[PDB]
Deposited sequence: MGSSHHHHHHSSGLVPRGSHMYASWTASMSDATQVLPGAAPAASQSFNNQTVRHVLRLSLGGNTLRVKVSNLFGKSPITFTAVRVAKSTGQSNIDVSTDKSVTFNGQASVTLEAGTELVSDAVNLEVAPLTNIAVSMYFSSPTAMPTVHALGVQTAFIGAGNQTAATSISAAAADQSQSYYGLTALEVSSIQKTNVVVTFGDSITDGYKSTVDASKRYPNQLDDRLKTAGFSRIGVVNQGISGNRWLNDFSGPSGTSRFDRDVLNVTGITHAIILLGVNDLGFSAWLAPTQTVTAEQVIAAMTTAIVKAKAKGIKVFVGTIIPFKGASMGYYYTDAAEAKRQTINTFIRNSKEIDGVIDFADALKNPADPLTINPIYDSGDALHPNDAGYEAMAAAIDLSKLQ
């Protein structure tokens, strides 16, 4: 009959945050980008539609407060353009300006803009003051547009070479519905992030998963992306360690019902050359995984773990090694035999080279023997049984 009219918020799009100034042990410290009397217009693809939306802004890794002088939202018509008839002020407890102390995040007021699944909205931020921004999602696989002055309500951004592929201080977009809704969180590294998939093409594997769900009729099963390029389970860089960020980036995602966990290859590949002081074992990796899994089951989430895709050829002797291949096979065997998880997604089986299972299938090779191409990410999405996400 009639669906109960109670309304709830659901994560429709996400981006995990990193500290752009944090560097590998022994490296020279890095500077953060800054804005000064400028506007950033982000573009993001919504997984779930609904009637109102909220915007989550973040200063999680700032060293000083920042002040969002204005935040606006509108439907995207491509490039930096918006449909100004949909332009809306995003307020924070009634205010149009909001200050976030260092290490905090804030959800905005609800905004009355009806939006559809698999459509692009634009979130525009204006920083009047000189603003350091170390809280970023480094590789968005998506063009952001920067311009002088407060251009948050403009038809487009007038700049250029002032483009980025990051997200600055923007971490989540929630939308409301009365419908029953599933939120699938994909948690991982570059390969969940969608690195070497086509920019602005929405061809990350969670994008293609989302496409498959909507084609099958599940407009109310959302997929949100919580990858971080270069992420590791046991150590900071790139981005907060998988274990330290699992509470924020998986457990606290608004409305989470499912999780696909795919992380580890950087724990294996960093120790040859990038972080020799950070050699880890397959057992230490499995210990972190099961703590994450056990937490998520304790909260009612259905947990799926993906096998580590083959990566022979990926800088032989400097990322891939025989030690890494051994650790990868122990981890894959554990995943494949675990009775603690709700299910396995055999990404490795789906994507391996039939000529040589230790390498990625050449037609899915972006060319570096590690990262899939668009076809490889379509193949990852195809490997997932949609009944698991119901």
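Counting the deposited sequence from 1, the stretches lacking C-alpha coordinates are 1-12, 172.
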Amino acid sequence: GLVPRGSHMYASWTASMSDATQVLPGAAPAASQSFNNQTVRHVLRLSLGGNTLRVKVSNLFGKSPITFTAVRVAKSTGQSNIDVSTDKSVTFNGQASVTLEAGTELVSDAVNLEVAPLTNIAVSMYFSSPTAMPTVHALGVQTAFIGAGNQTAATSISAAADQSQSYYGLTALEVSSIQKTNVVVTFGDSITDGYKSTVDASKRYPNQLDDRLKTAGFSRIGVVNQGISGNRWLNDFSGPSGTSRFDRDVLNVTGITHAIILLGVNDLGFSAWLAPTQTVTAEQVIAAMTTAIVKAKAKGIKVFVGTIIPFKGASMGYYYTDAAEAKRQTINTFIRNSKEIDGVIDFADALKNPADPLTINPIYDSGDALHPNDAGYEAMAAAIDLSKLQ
From here on, numbers count along this sequence of modelled residues.
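Once the C-alpha B-factors are averaged per stretch, 160-168 and 282-290 rank with 160-168 first. Stretches 40-48 and 25-33 differ in mean CA B factor, with 25-33 having the higher one. Comparing the C-alpha B-factors of 360, 57, 324, 331 in the entry, the top value falls on 360.
Residue-level inspection of the entry shows that, of 244, 81, 202, 99, 81 has the top Cα B-factor. Annotation for residue 214: CA B-factor lies in the middle third of the chain's modelled residues.
Sort the modelled residues of the chain by CA B factor and residue 16 lands in the lowest third.
Among all modelled residues in its chain, residue 137 ranks in the lowest third by Cα B-factor. Among the modelled residues of its chain, residue 65 has a C-alpha B-factor that falls in the middle third according to the deposited record.
For residue 196, the recorded CA B-factor ranks within the lowest third of the chain. Only modelled residues enter the ranking.
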